[PDB]
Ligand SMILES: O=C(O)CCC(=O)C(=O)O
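Before any questions on how it binds or moves, here is one chain, the form solved without the named molecule, in C-alpha cells.
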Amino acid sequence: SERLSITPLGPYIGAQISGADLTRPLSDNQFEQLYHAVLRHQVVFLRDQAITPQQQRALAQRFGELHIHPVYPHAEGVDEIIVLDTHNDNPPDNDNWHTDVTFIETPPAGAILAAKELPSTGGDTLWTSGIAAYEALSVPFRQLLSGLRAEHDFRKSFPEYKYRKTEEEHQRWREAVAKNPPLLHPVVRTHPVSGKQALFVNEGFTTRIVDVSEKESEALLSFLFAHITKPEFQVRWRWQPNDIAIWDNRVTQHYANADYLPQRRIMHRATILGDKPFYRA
C-alpha cells in the first residue's frame, strides 16, 4: 500500500483515482485514502477495474452495511448488488437529479457503481455537489433553508404506472411502497463526518418542504431544483467498460443521461447505508 494517484477533476467535486486494484482486497493504508478521497472529492472515478459482483459487494462492505433496493433487480447470488440493465424493454429511469434512496430514514452514505456493459456512446452520468450548492447560497437563503424539513417520497421516482407490466413487478412495487412511506429529512444537511453543510433535497424524491406554505414550498423547490444544475457544482463522467464510481451520497445528487437506446447498458451498484440525516448549526 503506497499512495493512490488522486487527480481532482475540478475545484469543488470529482477526482480520478489510480493505483488501486479493486479486484483484490485493498490494504488498510489504501482503503483509508480511498475513503478520504471520497469524502474530500464527493465522487471518485477509477478506470480499468474489472471486478465481479462478489468483490464489489466486498469493497462496499468495508464502508458499512449494504442496502437492498425494494424494486431494482439484483445480480445472481449477490442480493445487495442491483443490476441496472437498460434497453428498449427497460428504459433508463435515472435521467433526473436524485440522491440515492432518500426515501428511507437512513439514506445510503455512499455507493459504488461499476460499468459492466456500455453503449457505443452516451449514458454519461453527472454529479452535483450539495456542498458547493449550499456555499453558493447567500446568507439570507442559507438561514432560510437551514432547519427546514422536506418530505421525500419513494413514489415520486417510482410511480405505480411504471410497474404494471407483470403482476410480479407490480407486487414488488406494492411491497416497496408499504415499507417506504413518505418521511422528512433536513433541507440543509450537516455532513456526519466533515461537518460541512450541504443542500439535501433532490428532485428525484423530494415532494415538498413542510415548514413553509404550499406555494412557498413550490417556489423554493423550483429554485433549488434549478440551482443544483449549475455547471460549476458538477463533474460529468463519460463511461468506459469496467469503470468504477464511488460517491458520498450524503452531499451529492447525480443524473444519468438517457440518450442511448436502442443500445443496451448494464451497471452494477453497491449501496452503503448511512445514518439519520440531521442538521446542526
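All residue numbers refer to positions in the sequence shown, first residue = 1. Take the two forms, superpose them, and find the largest set of C-alpha atoms that agree within 1.5 Å; that set is the rigid core.
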Stretch departing more from the displayed form, 181-189 or 151-159, Cα RMS in 4 other deposited structures of this protein (core fit): 151-159
Stretch farther from the shown model on average in 4 other deposited structures of this protein, with CA RMS computed after core superposition (38-46, 65-73): 65-73
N90 dropped from a third or more of the other entries of this protein: no
Check: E167 without coordinates in a third or more of other entries: yes
Higher-B stretch (mean Cα B-factor, as the entry records it), 224-232 or 62-70: 62-70
Mean Cα B-factor comparison, 122-130 or 79-87, giving the higher one as deposited: 79-87
Out of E175, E105, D153, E117, residue topping the C-alpha B-factor column of the entry: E117
Options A256, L26, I246, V251 - largest CA temperature factor per the record: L26
Among modelled residues of the same chain, the CA temperature factor third for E203: lowest
CA B-factor ranking of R47, expressed as a third of its chain: highest
Ranked C-alpha temperature factor of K215 among modelled chain residues, by third: lowest
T190, C-alpha B-factor rank within chain (lowest, middle or highest third): middle
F158 - which third its CA temperature factor falls in, relative to the rest of the chain: middle
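Only in words, not in the display: the form solved in complex with the named molecule, which the text now covers.
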Result of superposing the named molecule in the deposited complex onto shown chain, 2.4 Å backbone or C-beta criterion: open
Selected contact from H74, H98, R155, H191, since only one has a non-hydrogen atom within 4.5 angstroms of the named molecule in the deposited complex: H98
Residue (of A256, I51, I246, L59) lying close to the named molecule in the deposited complex, criterion heavy atoms within 4.5 Å: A256
Stretch from 176-184, 205-213, 146-154, 90-98 whose residues place a heavy atom within 4.5 Å of the named molecule in the deposited complex: 90-98
Interface membership of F233, the named molecule in the deposited complex, 4.5 Å heavy atom rule: no
The named molecule contact in the deposited complex: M267, any heavy atom under 4.5 Å: yes
Exercise: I131 in contact with the named molecule in the deposited complex, heavy atom 4.5 Å: no
Contact of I81 with the named molecule in the deposited complex (heavy atom, 4.5 Å): no
